[PDB]
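In structure tokens, the next block holds one chain alone, the form deposited in one PDB entry.
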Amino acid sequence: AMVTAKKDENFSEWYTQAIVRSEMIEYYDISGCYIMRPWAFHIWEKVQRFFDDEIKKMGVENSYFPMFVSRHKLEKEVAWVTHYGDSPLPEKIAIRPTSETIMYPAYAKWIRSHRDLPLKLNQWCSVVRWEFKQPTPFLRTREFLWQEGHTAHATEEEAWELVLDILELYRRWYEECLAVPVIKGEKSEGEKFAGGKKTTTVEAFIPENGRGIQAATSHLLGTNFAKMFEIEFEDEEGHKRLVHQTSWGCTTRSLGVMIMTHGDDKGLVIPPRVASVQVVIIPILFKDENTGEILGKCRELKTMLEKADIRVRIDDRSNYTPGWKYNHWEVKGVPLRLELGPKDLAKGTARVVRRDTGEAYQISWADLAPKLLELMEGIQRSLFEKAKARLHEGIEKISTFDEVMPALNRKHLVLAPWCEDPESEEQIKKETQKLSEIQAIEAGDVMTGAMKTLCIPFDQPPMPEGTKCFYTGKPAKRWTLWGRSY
């Protein structure tokens, strides 16, 4: 299978082909659920190991809470269990959409003293959000894998520092592992987590459809949940005070974002840092050659590379041509391929082809390990810098509302001065929705056309005094990133 849809022409068909023909996903009879095959699951394991190691250094501990929540606990897009076999439960129980109402009664019991704080827990599990909108493999599904962390602190300042530290870990998850550039920012009051005080986010951008997408999230819950669940601690005075809480999560959406960011017309391109196969060795196996010698040297090279921690597989299958194998591992996104035939063996070199650019190198066997390490770092860096340039070109800085629709029609995000009044965001969503529908009827034309806030970026351009809001004309408070979204 080759990918035949072009990424810049039919992006939806291209994406489906890339994830199916690489054997990353399989479809399923229940809408919005997808099977995650090993080729994709290996990447999830890699980013999971990364994030787990990092939060353990912060003193976060893993745990496991039940997948079921009582009606009363939850009620204090949800799939309800109502019967065991054909017997009706007295109270129906819900499948977790998130675990605040499952965990926080326990927290209230566990926390008594300032000596019990901070309390830092995480769990890896799946959650269920049963919407009816258009599902997208990896990006927006009814069941998905995630991690959710939940912490409790004696002070707001300590909780806020943790929120930001986790957000930095999510920046590293995307930018350092997956080579996807993200924008750190704060959500608007309309878009933040309802029961929380402040929601921070990293946002990603999909150029081919112009859409922003929330990559991960980190919430300062403050004391609201502590009030509702009576999570209190005693200082050394003996005075009871509410804890200050955080929660934060990130999902297999990250994989989809990586796929969309780096893929090309040939299929997947997997950044070397998360590729389960970094180097595929393809021996050339003529009938009229010493095949034993060539396969032996491939095994020697595999051992030599694995001593440098390079993840290698040899595709020595005799029933497929080298051309078939080149395409097979290109579709799967292996970042380097190493070709070895009798002429290479005679010269003591190997031919290495990088997946992102197709550039080829002749490398002597003694230089192979350090040169491939350097090449993989270069591939990783180049994937990131090109995605970052696409991000910067995808954002238009505007000053008035009449620049919105043209910028959206170019599939761009807009960075605009905003008064942050929450009524104005609703007005903007509804107006851009209506104008988008008009434009659709003029084009002769599934996913919403409305523009919403994506985030208020931590990195703020200058704000000249007396800059007006781009929609209300009221005095503008901060630069805000807007766009169509998932």
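So that there is no doubt, residue numbering starts at 1 and follows the sequence shown. We call the rigid core the largest set of C-alpha positions that still match within 1.5 Å between the two forms.
Below, we refer to the form deposited in another entry, which is not included among the displayed structures.
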query: Shifted position (C-alpha, 2 Å or more, core held fixed) between the shown form and the other one, chosen from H392, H83, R410, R381; finding: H83
query: Post core alignment: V352 C-alpha displaced by 2 Å or more between the shown form and the other one; finding: no
query: C-alpha of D29 off by 2 Å or more between the shown form and the other one on rigid core; finding: yes
query: C-alpha of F286 off by 2 Å or more between the shown form and the other one on rigid core; finding: yes
